[PDB]
Amino acid sequence: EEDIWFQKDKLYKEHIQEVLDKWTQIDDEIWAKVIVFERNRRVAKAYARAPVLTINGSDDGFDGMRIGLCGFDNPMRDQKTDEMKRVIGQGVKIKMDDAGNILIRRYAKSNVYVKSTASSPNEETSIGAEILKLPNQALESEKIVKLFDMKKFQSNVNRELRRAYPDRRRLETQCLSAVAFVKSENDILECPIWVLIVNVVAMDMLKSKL
């Protein structure tokens, strides 16, 4: 009921709003909210304070520095999802640097895919150029790249507020990053196992640009 979506735009919007609604109650050292999905169902939430976060196939769940994706219940899990989760393996590490970039590195033997969070097809992206150049946005083994590029985001924000019809919503979606493990599908809601990362630092800048 409350943890499932049928349209991606609603999913994105809802998670953004969840963060905005609780904004001042969120500890100021939290730089990201990570939400775990299986298909179109949310199975876990985590808040990241530590600069480096590991996301992998461990069954331990969340311990503050590592999200073990197999440590979460899903009563509606389908067979394919169960199969895919078994090979998440070493997954990825993500890190926020001093500039507010989010870096990502693939450790998994299995593939990891970066997905666009755009609501509308004509929206700008905060995804780094190095990822955009990859076929199907599939991460290369053990190479560090910018999942979220703060320079790009800032530039997009500046461009937006100079447009004839500025819309903060197109900006808000750029505060989101999506990473699908093991298996890519064209539609994010069909991916067997993926995470949504809300960049709180990026949102905080948006809240400072009325």
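For the numbers below, each heavy atom of this structure counts, side chains included, while hydrogens, waters and symmetry mates do not. We count residues from 1, following the sequence as given.
At distances below 3.5 Å, not a single donor-acceptor pair connects side-chain atoms of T173 with backbone N or O atoms of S119. Not one N or O on the side chain of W194 forms a donor-acceptor pair closer than 3.5 Å with the backbone of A178. Remark: the backbone N or O of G61 is paired with a side-chain donor or acceptor of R66 at under 3.5 angstrom. No donor-acceptor distance shorter than 3.5 angstrom exists from the side chain of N156 to the backbone of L171, with no hydrogens or angles considered.
Every residue meeting the side chain to side chain contact (heavy atoms under 4.5 Å, CB included) condition with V200, not counting sequence neighbours, appears here in chain and number order: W23. Annotation: side chain to side chain contact (heavy atoms under 4.5 Å, CB included) contacts of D28 (sequence neighbours excluded): none. Looking at residues two or more places apart in sequence or on another chain, you find no salt bridge (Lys or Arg N to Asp or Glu O under 4.0 Å) involving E130. With sequence neighbours excluded, the residues forming a salt bridge (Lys or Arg N to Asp or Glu O under 4.0 Å) with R169 are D167, listed by chain and number. Residues satisfying the salt bridge (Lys or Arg N to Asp or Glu O under 4.0 Å) criterion with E38, sequence neighbours excluded, are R77, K85. Take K207 and apply the salt bridge (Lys or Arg N to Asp or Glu O under 4.0 Å) test, not counting sequence neighbours, and it matches no residue.
Below 30°, between 30° and 60°, or above 60°: for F153 and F148 the angle between ring planes is between 30° and 60°, a tilted geometry.
Within the model, atoms CZ of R41 and CD1 of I4 stand 3.5 Å from one another, a figure rounded to the nearest 0.5 Å. For the atom pair CD1 (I94) and CD1 (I197), the distance works out to 4.0 Å, reported to the nearest 0.5 Å.
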Practice prompt. Under the side chain to side chain contact (heavy atoms under 4.5 Å, CB included) rule, what do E14 and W5 come out as? Steps first, then yes or no, please.
Written response: CA-CA 10 Å; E14 184 163 331; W5 294 263; 2.9 Å; yes
Item to complete: Check step by step if side-chain hydrogen bond (donor to acceptor under 3.5 Å, both in side chains) holds for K152 and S126.
Response: CA-CA 6 Å; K152 286 188 68 171; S126 52; over 6 Å; no
Worksheet entry | salt bridge (charged side-chain N to carboxylate O under 4.0 Å, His left out) assessment of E18 paired with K45 | CA-CA 12 Å; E18 271 178 3; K45 290 180 171 179; 3.0 Å; yes
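For the residue pair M205 and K209, the shortest heavy atom distance occurs at O-CG, 3.2 Å. Pairing each heavy atom of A118 with each of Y12, the nearest pair is O-CE1, 4.5 Å. Across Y165 and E160, no two heavy atoms sit closer than the pair O-OE2, 3.9 Å. Nearest heavy atoms, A108 versus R106: O-NE, 3.1 Å.
Counting only heavy atoms from C-beta outward, the side chains of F181 and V195 approach each other to under 4.5 Å. When side chains are defined from C-beta on, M150 does not count as touching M96, because their heavy atoms never get closer than 4.5 Å. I102 is not listed as a side-chain neighbour of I104, based on a closest heavy-atom distance of 4.5 Å or more. Between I16 and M203 there is a side-chain heavy-atom pair separated by less than 4.5 Å. The closest side-chain heavy-atom distance from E190 to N186 is not below 4.5 Å.
Counted by atom type alone, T54 and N56 present zero donor-acceptor pairs between their side chains at under 3.5 Å.
Tested against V112 for a side chain to side chain contact (heavy atoms under 4.5 Å, CB included), the candidates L139, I88, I55 yield a single pass: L139.
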